[PDB]
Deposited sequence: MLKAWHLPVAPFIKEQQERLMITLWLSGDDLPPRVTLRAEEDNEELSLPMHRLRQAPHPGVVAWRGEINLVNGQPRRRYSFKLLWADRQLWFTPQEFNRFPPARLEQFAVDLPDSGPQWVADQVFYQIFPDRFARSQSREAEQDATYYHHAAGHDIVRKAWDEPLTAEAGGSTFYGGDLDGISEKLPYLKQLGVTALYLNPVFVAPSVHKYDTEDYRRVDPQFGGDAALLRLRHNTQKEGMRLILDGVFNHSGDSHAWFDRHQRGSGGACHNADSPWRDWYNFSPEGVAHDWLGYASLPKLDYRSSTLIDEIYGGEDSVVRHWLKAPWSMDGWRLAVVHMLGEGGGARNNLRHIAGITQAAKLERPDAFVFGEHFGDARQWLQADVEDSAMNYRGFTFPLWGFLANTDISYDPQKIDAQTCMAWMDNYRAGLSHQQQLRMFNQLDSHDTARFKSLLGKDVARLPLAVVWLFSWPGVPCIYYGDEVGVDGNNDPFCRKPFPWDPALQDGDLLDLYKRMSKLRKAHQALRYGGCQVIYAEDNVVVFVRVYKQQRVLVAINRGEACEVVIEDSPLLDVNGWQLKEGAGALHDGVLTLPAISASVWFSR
């Protein structure tokens, strides 16, 4: 028995306030009935399906049903209940299930989609401003080695006009969207110890440099996302003012105008971020704090989204811990509130959250558009390709396990959510992925191909594309090497080619995703959008041949190889050692 379905054309078609749903089946004991299990306002529905007279592909029987769209919430969840005389079987994002799937692990399509539809067309690039580029006309020097000493106090001098001036490089790289680390007034170099949410830190060029950057990116058609740090302030902020270098500080004034914006124990110690005293945690019980951060018309969240700043959204730092009373009490309401405020100021605003852990409860409640997809994308690859994980603990997973992991996670997400998940191989909070591969550094191009072809929006971490390496923070924030002698020019070109493949093909931006093969060293999946197919074959080990069973998903006119040295012929994949290949259908 075989089944196929993806939450996208050719399997679904919207027509006259109905969502038509098509299931493919093949095999020797097909169910004489199939029920479309759908859902309206959380009520499970049993919708009849009927066989189509015409086979869509050789040996395949298509069943078709219909979801009425006029009622019910935008997110439409569904699965397939195959019925024989004596038994039943479910078809799900995670293949066949002998007992019913979880409601939150069904196929899901958001209709209407009120999310930021532009995100799926982007290539993102994350910039740690101090370490990217100095402007022409502007404390360590650029070539001085990064050391473990005083990580938070060492400034190399990168600034925002440096980014503006490097926009032609980013354009040629294929970048269409920037995510900046914090830029607001803060004493440190990473600047997550915020001192003024209302001003750009002059060390990066002040408010004028960020306005120029906003103008310049608009001119080039590039989106711009700011780092929003709202779980905690810095202890130098006027609200907290630990060093009494001002008046009215919550820290040393029981009568401060912001005494209730922080939580102090019966010992006097304020609650902070994971025991970092420089980062006192904000108490979202306070109705005045809520108004200042997101509630009011000129709250911090909306401020940088309205003119003149007109930012395209917010990365939410430590989104999972924000809440009341010193911890994450009422976390989901407040993150929903932040997102709601942002979409009020800008309906197409992108709001994604930093989630090192499992983001599904946040995303399944729709309190944010997306997450930094560490759990669903990054760590599976650290495991499969680099033998490591979030804690740098040894990891030994084969392709079966890696794809069970990746597919299980996204089964909790609608198609539209999957398409805008924020995927990267590393960040300012992890060791460089190049370094993590260790002796297996020749696998790095596999990961770059995978980054641009797995569902979600890819984000290059500045410098990855030219081969910078280093261990975890502090050593992952090296100055970007602008000397081509210090650049991996071959790696740069692969990044260029992948972003070109992405712009070129709708399936890599909008397409469903079906894992076709996943055994030991080899992963094969296909992206699927209308008649278009994109086949990707990853081999982390030595040369091998793999038979691909006839799949109606792969029944095309022909395949044109676009990247890598793999060869597909008569259902046999010839894959060189440590390779990734991408075929486009003809």
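- No C-alpha positions are given for the deposited-sequence stretches 1, 140-157.
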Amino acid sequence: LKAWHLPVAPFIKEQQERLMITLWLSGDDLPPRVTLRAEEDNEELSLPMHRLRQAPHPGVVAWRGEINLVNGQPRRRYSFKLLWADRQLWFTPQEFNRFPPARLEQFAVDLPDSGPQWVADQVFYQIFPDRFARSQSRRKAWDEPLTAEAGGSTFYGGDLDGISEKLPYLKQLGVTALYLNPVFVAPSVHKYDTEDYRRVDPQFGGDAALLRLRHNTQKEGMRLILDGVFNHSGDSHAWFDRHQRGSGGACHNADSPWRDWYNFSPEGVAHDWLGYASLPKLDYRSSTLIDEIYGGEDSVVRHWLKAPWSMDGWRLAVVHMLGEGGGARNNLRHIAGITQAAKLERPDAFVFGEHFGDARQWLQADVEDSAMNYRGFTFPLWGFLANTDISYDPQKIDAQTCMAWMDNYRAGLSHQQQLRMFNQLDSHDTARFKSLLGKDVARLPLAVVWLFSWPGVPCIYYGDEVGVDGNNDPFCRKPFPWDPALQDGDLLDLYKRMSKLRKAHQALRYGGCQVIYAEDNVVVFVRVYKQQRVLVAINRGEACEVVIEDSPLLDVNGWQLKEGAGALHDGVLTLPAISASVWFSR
From here on, numbers count along this sequence of modelled residues.
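- Across the two stretches, 272-280 and 383-391, the PDB entry reports the greater mean Cα temperature factor for 272-280.
- Higher average CA B factor: 129-137, of the stretches 129-137 and 221-229.
- Highest CA B-factor among the listed residues (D407, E144, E368, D464): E144.
- Out of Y156, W450, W90, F124, it is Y156 whose C-alpha atom has the highest B-factor in the PDB entry.
- In the deposited entry, the Cα temperature factor of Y192 sits in the middle third of values across the chain's modelled residues.
- In the deposited entry, the Cα temperature factor of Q54 places it in the highest third of its chain's modelled residues.
- In the PDB entry, a CA B factor belonging to the middle third of its chain's modelled residues is recorded for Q560.
- The PDB entry assigns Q531 a C-alpha temperature factor belonging to the middle third of its chain's modelled residues.
- Per the PDB record, residue ranking by Cα B-factor puts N373 in the lowest third of the chain.
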